[PDB]
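Line order of the protein sequences matches chains D, C, F, E and K.
Per the deposited numbering, the first sequence runs over residues 11 to 475.
Per the deposited numbering, the second sequence runs over residues 9 to 475.
Per the deposited numbering, the third sequence runs over residues 9 to 238.
Per the deposited numbering, the fourth sequence runs over residues 120 to 475.
Per the deposited numbering, the fifth sequence runs over residues 1 to 140.
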Amino acid sequence: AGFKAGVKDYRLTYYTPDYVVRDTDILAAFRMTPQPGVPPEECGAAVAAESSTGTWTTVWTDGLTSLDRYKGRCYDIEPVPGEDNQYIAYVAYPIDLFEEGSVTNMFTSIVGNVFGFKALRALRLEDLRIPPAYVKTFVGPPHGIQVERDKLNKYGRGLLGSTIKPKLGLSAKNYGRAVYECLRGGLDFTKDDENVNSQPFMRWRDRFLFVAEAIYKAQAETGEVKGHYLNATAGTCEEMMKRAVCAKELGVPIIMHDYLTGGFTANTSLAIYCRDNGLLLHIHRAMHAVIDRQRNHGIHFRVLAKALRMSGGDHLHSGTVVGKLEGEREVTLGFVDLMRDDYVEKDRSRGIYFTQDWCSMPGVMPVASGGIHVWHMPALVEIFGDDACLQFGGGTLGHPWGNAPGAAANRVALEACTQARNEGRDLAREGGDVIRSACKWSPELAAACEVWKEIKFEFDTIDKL
Amino acid sequence: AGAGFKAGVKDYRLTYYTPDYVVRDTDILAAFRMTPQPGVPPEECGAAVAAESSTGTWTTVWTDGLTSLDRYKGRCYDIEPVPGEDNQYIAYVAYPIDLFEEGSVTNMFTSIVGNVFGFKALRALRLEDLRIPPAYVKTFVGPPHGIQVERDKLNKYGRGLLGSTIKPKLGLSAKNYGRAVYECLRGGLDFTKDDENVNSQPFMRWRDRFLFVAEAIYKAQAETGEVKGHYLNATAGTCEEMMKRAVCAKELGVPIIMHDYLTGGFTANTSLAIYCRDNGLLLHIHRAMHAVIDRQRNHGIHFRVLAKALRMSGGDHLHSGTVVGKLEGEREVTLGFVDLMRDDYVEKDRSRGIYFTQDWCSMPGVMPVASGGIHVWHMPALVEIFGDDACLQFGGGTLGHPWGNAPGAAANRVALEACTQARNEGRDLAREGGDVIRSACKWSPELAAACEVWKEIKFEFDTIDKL
Amino acid sequence: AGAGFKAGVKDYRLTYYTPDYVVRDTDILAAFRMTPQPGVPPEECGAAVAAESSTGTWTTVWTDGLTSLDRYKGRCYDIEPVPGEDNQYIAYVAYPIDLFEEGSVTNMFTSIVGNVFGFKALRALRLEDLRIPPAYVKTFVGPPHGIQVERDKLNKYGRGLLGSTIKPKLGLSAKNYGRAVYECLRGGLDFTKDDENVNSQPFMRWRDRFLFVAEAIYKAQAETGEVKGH
Amino acid sequence: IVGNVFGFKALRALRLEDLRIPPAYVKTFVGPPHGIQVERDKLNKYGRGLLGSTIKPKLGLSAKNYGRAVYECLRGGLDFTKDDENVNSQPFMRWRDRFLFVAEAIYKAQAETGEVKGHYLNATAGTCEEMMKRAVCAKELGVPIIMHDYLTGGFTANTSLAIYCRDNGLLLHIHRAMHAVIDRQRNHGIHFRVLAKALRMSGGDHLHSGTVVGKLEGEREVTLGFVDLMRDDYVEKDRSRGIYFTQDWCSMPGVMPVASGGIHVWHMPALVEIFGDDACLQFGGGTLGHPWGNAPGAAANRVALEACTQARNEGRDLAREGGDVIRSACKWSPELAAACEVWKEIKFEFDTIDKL
Amino acid sequence: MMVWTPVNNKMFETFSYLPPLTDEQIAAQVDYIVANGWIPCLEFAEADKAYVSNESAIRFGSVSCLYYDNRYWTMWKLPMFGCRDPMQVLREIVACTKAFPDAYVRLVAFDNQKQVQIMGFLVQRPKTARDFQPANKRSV
Ligand SMILES: O=C(O)[C@@](O)(COP(=O)(O)O)[C@H](O)[C@H](O)COP(=O)(O)O
Ligand SMILES: O=C(O)[C@@](O)(COP(=O)(O)O)[C@H](O)[C@H](O)COP(=O)(O)O
Ligand SMILES: O=C(O)[C@@](O)(COP(=O)(O)O)[C@H](O)[C@H](O)COP(=O)(O)O
Ligand SMILES: [Mg+2]
Ligand SMILES: [Mg+2]
Ligand SMILES: [Mg+2]
Ligand SMILES: [Mg+2]
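Below is the structure:
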């Protein structure tokens with residue numbers, strides 16, 4: 011076959027419905043909305059082409075290589091029930107297409123250009139199947155759940171944390187004051203708010219120092235290991251590393267990074283630094299909902315969660331289901347298993363399009379945070395189980411008696427629920443009873459129960475299956 | 009007693025909705041297109057966005073009393089109803105300059121778009137514009153060189169620059185890459201480029217490519233007598249790898265590298281931009297992933313904001329869309345952000361999607377790059393839309409020429425130079441465009457061959473990202 | 009025929025005296041107390057100061073045409089007579105923010121006070137004040153800590169800090185320096201200090217001092233229970 | 120010596136007039152990176168003053184236009200051009216772009232004329248690290264010379280820069296920006312001769328000395344006094360020139376005086392008479408203000424300098440016959456004549472403030 | 001299929017891929033300079049200094065990125081500041097090429113608001129230049 015210049019349909023090369031996928035192929039499930047007059051087959055074939063080897067007209071240089079070996083292949087198109095113009099297109103990518111160890115590269119191919127094509131109205135990436143052969147090329151999480159628990163000496167319950175509030179405006183000294191009072195009352199962790207980096211009102215190194223004082227005071231006072239997620243997120247990789255290094259030199263357990271606003275390139279770098287220096291890495295998902303909120307267009311969070319596990323993180327924010335930020339139950343149980351488990355079977359009722367084998371790559375601790383309080387505890391413990399961190403910012407610093415009683419309230423609640431579940435009680439049915447018995451026993455808890463009794467967040471879900 | 013601590017939940021509007029607030033000239037301003045859930049007042053929804061992107065949380069905290077919330081709070085100072093929409097509002101928010109880390113686009117994004125897009129209380133949220141005040145602009149290194157300096161270094165004036173992405177995207181060997189590069193450059197293109205996803209892979213490792221490309225660059229430059237370059241991709245999995253790739257380019261003495269700033273990220277990109285400033289490399293920016301964020305009208309972040317963010321973080325070129333090519337970009341929307349990329353001072357103009365007057369306080373301009381699904385017949389329209397201060401890229405439009413890359417390159421170069429000459433002589437390209445191209449296909453065999461292959465090829469679809 | 013290049017000397021005031029100029033909020037402003045030579049008008053003298061601290065020299069240069077002098081030039085925009093003085097004026101000068109290297113006080117001083125104080129055409133010149141606009145302030149790292157943070161690190165509130173310079177200024181050994189430091193700090197002072205001219209000298213090398221002082225600081229701190237420094 | 124005493128309530132004014140630096144203290148200093156003899160040897164330039172020019176306008180020129188102006192100046196007969204004291208790195212022109220374009224210009228001029236060329240690239244910066252970065256780039260470009268503003272940058276940074284220059288073979292041009300804040304008034308401050316001695320100890324290959332005849336103040340006898348202090352090994356007490364102490368430099372290299380500011384072709388005889396050959400004469404406006412451009416401007420100043428040097432060598436008295444030498448030269452050279460015509464009537468004659 | 005020749009086919013930036021400019025075409029480009037208020041200027045170079053080269057880099061550490069010799073040409077007189085007469089520009093082209101008949105000569109124009117060269121093309125090449133092809137000998 012010779013070189014013939016000109017435009018032909020993408021489907022002639024890139025739609026391959028009889029293709030048997032290889033166990034080393036990267037698979038992608040795209041929820042696709044074609045323009046009127048564009049066949050599903052041509053639209054799926056265009057997505058496969060422009061995210062792998064092809065462009066809009068035939069190039070002679072294809073003949074110098076083997077297009078069969080390298081091309082992405084749309085190998086299946088599924089109609090969406092309940093939709094007139096939506097399809098799931100399945101694309102298979104040869105493992106040879108991808109830079110080893112680079113989440114950045116994987117994204118650049120799979121979501122690089124195809125979302126801006128005139129020929130489609132909307133596109134969403136729903137899921138990716140990352141084969142063992144590609145997973146193994148990644149360093150992955152610096153520690154993962156088991157190692158984190160072992161280093162912290164914390165077992166048999168969820169971890170408890172808190173974001174210091176107000177988000178911005180507190181001085182370094184006041185920051186450490188707030189931290190000390192939270193930690194000493196029963197919380198395992200406190201954290202820098204995602205947008206607390208280094209600012210006129212509080213420079214990072216002043217914060218780190220005062221916070222280290224607060225960690226050590228609370229640890230000596232309580233006899234339990236404490237930490238505070240010190241934010242290494244910065245404008246440049248060099249600043250980010252400078253902050254990681256200071257944490258290392260203070261001997262503190264844990265730093266944090268905003269992996270989407272900082273980026274995958276900086277995040278992978280940070281995760282390798284943590285691995286080599288023994289720091290835990292908490293990941294904040296700032297910006298994700300810009301990408302993942304709408305059903306018709308973007309990238310589903312489960313894919314952003316897979317990307318983080320490969321890039322590296324010991325904790326990742328998972329949503330609460332019941333709090334101020336959106337997260338449907340079945341969707342959330344789905345990607346939580348993807349974050350924590352070694353092997354997750356295909357399950358479309360939870361949004362899992364592909365069986366995922368993590369090949370012993372460590373699991374990432376889910377963090378439930380945002381608009382949650384004591385009355386949510388039974389529901390949180392029931393959804394997440396022990397291997398989660400539960401964070402209460404307003405739910406601690408909004409306590410009428412201050413940070414330490416607020417921390418003690420949340421710790422009592424969590425331990426009461428844990429004990430009740432261990433005794434065989436069903437938290438889905440008896441959760442209110444567990445909390446009420448505990449508010450009657452503990453004055454700190456009772457004070458929190460009273461303030462937030464009527465507070466619920468119940469709205470129509472946007473990101474529906 | 010005065011104002012004490014009262015625990016519990018109150019409306020965000022009590023603190024964060026301030027319709028009488030006069031914005032300061034140092035405030036960062038945001039324009040959000042906001043779709044509230046039923047039963048949520050627009051005022052409360054705007055206040056919630058203001059609060060949760062600045063100082064506030066869901067319940068009252070005692071620690072506010074230790075600081076001055078008046079000084080630090082974000083403020084929803086104006087709410088505009090959207091014409092043609094039942095449940096859409098433009099909410100305007102002002103942020104004190106004190107909230108932001110100097111020189112960090114990462115931090116600006118973390119505050120302004122960090123958590124608010126996922127609030128249960130809204131159905132959709134889109135950031136349409138940002139007013140970056142000079143006081144904040146001045147904290148950024150910004151573009152390594154910018155348009156004037158780039159042109160001065162390359163000694164290229166009086167026309168658009170021409171480029172081409174090597175194809176197929178993936179699967180060529182380093183030696184075949186350099187071969188294709190040399191044939192493109194020698195035919196009259198100023199630049200070639202690595203595809204956005206060409207980094208380092210089993211079929212071609214990066215350092216092999218850099219070496220063969222350097223050979224190709226220098227061969228074409230010696231052959232044509234014109235300065236040539238190839239955007240070698242420094243995009244990588246880690247900052248250390250990325251820097252390794254940039255260092256190799258510096259050591260080869262080649263003019264220009266590239267970075268995918270959204271998939272690599274702002275923290276890596278800013279670092280690479282500073283490296284390029286210190287070592288005299290041009291930095292071409294690819295916007296891979298942008299349409300995941302910026303396609304839909306109801307939700308995300310408009311490209312003009314991602315373009316402003318890039319100008320701050322650092323880049324000598326940024327991809328701008330073609331309008332007429334295979335990828336979406338409405339004419340008026342595009343002319344608006346091109347001005348934001350290139351100009352020192354852009355006045356508010358809603359008919360081009362500019363919500364705020366933007367003063368760049370002499371921060372260098374970024375060269376817009378038009379790329380994707382374009383060919384010779386698009387040339388008049390491109391030159392009319394962009395003018396001389398743009399690079400026009402033809403991947404398929406060069407490597408898809410029936411006679412090969414060098415004739416492909418010469419066809420594109422002849423087209424560009426004919427249009428530029430016609431415009432200079434007072435011809436209107438918006439109307440005489442086809443005549444200019446037809447007279448040129450008749451004179452140049454190379455151009456004629458291109459004209460024949462792509463004559464009927466157009467990309468005309470309903471626009472999604474409408475004003 | 010438009011504005012071309014005309015070689016030769018003309019008055020500074022033709023370009024650099026702009027009394028109707030409305031200052032921008034990003035301009036750096038300078039207040040100069042100016043004493044002209046006899047026979048030099050205050051307007052010309054203020055214009056010379058503006059010119060030779062910004063873009064101008066003593067004769068017209070052709071290269072002006074390649075750039076925009078309107079955009080870059082310093083501007084004497086106001087001249088105030090000094091009450092009580094026969095031959096003194098406050099000349100006010102505005103400088104575009106583009107003239108200055110970000111984060112460099114050195115560069116700001118080099119333009120504003122670089123050459124103008126030596127001009128034959130003035131008898132005396134004094135820089136009285138500078139208006140540093142927020143847009144320029146924001147380019148500087150500034151103080152490592154500042155008053156609030158200092159007080160927070162030292163845990164000292166409710167009163168002025170107390171210090172003392174060790175005397176005699178020079179001539180004390182490193183050991184006697186730390187001995188004097190310890191005796192001061194233990195009595196109630198928060199800080200002691202090296203005299204400004206105590207660096208490293210034949211009578212006392214610096215590193216010997218730093219060690220003995222550290223000993224002294226830590227002994228007084230243990231003794232009093234209060235944070236001490238030197 | 121000057122730390123606190125000038126602020127004492129018990130005095131109304133204080134001025135430091137001179138310092139006697141003893142050989143034993145002089146010997147503790149690295150001093151100038153090269154000094155006059157070594158500079159002339161490296162540049163292969165003998166038997167006349169060096170000629171230079173500051174690029175103008177002071178600020179506002181792009182990096183490309185900067186190098187363009189530099190190339191045109193150097194190709195016409197000037198040995199050096201220079202960054203203005205306040206040209207560092209600015210929004211209109213970043214330093215590393217300027218360094219690169221200036222290198223091109225230097226090498227083009229040197230190839231075109233066959234004479235060694237240089238341009239004092241300004242290393243002055245906000246921090247020591249930035250100052251070093253700029254010095255390192257000049258080193259890596261293989262250019263001959265950088266500059267520093269020693270009073271606005273400061274002695275600590277200057278001494279560091281001088282030591283870098285000694286170890287890497289760069290010449291160091293010192294600009295004295297801010298000196299007149301300190302040294303103008305007779306009653307209070309520090310006399311320039313002390314600032315000049317300080318610079319010779321701190322390190323510099325060139326130092327600005329004033330012109331006597333130009334737009335900036337500098338009395339003749341005062342100037343001759345400190346020029347000897349900059350250049351000579353041994354200078355005897357001489358109060359008629361403001362030298363309060365005999366100064367022995369114990370073989371410390373001498374610093375090349377730079378005469379700059381408001382000077383033009385008609386000043387040439389007086390400049391050659393005051394300074395002799397071991398000086399650099401700089402013409403900013405006097406080159407870039409020539410009606411025909413920089414190269415003809417450079418050629419005009421070079422012709423004037425060479426004519427004066429030749430005349431002096433032949434036994435003519437430049438103090439008495441200076442005007443005759445210049446006129447004979449304007450008649451011969453059209454470039455010179457054009458300069459002679461434009462600035463004929465231009466003089467700077469004012470009452471002196473810093474009197475002995 | 002025609003083959004673009006790599007032998008003696010050097011180019012000269014803007015407009016060098018078009019048929020050589022007639023005098024009427026040059027006049028039109030000058031009219032465009034004057035209509036836009038740009039500053040005309042002429043530059044020239046001897047044959048050995050006409051094309052970009054690398055010779056100075058022998059003196060360099062690793063700093064050759066975007067450094068080339070021969071970018072700068074020599075300025076003919078001064079830029080024509082304030083010139084609004086196209087005939088005046090054409091007269092300088094004549095005067096310049098007359099003074100340097102064996103030189104390469106290009107017409108450029110500057111925008112002083114952007115502070116950049118805004119246009120430029122070759123108006124003379126020496127008659128001894130053998131390193132270029134006519135339009136119809138560019139491919140074979
Ligand atoms: O800034 C905030 O709002 C929080 O600190 C919660 O504060 P409160 O505990 O006071 O609500 C968290 O960053 C969000 O929960 C992030 O959301 P997600 O975990 O969904 O990414
Ligand atoms: O991968 C591609 O498709 C391209 O190389 C174009 O190839 P062709 O020239 O062969 O079409 C560009 O990266 C896109 O133009 C990017 O889109 P945008 O500029 O909109 O960001
Ligand atoms: O900025 C200037 O004014 C100059 O460039 C002179 O320019 P012109 O040649 O155009 O006058 C010099 O820096 C001054 O001479 C310095 O004064 P001094 O040598 O006395 O320190
Ligand atoms: Mg937060
Ligand atoms: Mg591409
Ligand atoms: Mg003292
Ligand atoms: Mg100067």
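By construction, the Cβ of each residue, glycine as well, lies at the ideal position given by its N, Cα and C atoms.
C-beta neighbour in chain C for residue i, strict 8 Å
{"i": "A143/F", "result": "yes"}
{"i": "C247/D", "result": "yes"}
{"i": "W76/K", "result": "no"}
{"i": "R215/E", "result": "yes"}
{"i": "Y190/D", "result": "no"}
Residue i: contacting residues in chain F (beta-carbon distance under 8 Å)
{"i": "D33/C", "result": "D33"}
Per-residue contacts from residue i into chain C (C-beta, under 9 Å)
{"i": "residue 239/F", "result": "The structure shown does not extend to residue 239/F, since chain F spans only 9 to 238, so no value can be given for it."}
8 Å Cβ cutoff, residue i in contact with chain E
{"i": "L180/F", "result": "no"}
{"i": "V101/F", "result": "no"}
Distance, residue j Cα to residue i Cα
{"i": "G261/C", "j": "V63/K", "result": "7 Å"}
{"i": "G308/C", "j": "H307/D", "result": "10 Å"}
{"i": "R59/K", "j": "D216/E", "result": "18 Å"}
{"i": "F345/E", "j": "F467/E", "result": "22 Å"}
{"i": "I155/E", "j": "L133/E", "result": "34 Å"}
{"i": "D69/K", "j": "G233/C", "result": "12 Å"}
{"i": "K236/C", "j": "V7/K", "result": "18 Å"}
Interface partners of residue i on chain K, CB under 8 Å
{"i": "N163/C", "result": "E13, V52, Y68 and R71"}
Quiz item: Which residues, in chain order, sit with a beta-carbon under 6 Å away from any heavy atom of ligand 6?
Solution: Listed by chain position, these are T173/F, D203/F and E204/F.
Exercise. Evaluate the contact criterion for the segment 174-188 of chain D versus the segment 62-73 of chain C: three or more CB pairs, one atom per stretch, below 8 Å.
Key: yes
Exercise. Would you check if there are 3 or more beta carbon pairs closer than 8 Å linking the segment 254-274 of chain E to the segment 285-296 of chain E?
Key: yes
Self-check item: Contact the segment 76-85 of chain F vs the segment 420-428 of chain E: 3+ CB pairs below 8 Å
Solution: no
Quiz item: Are three or more beta carbon pairs between the segment 199-210 of chain E and the segment 118-129 of chain F nearer than 8 Å?
Solution: yes
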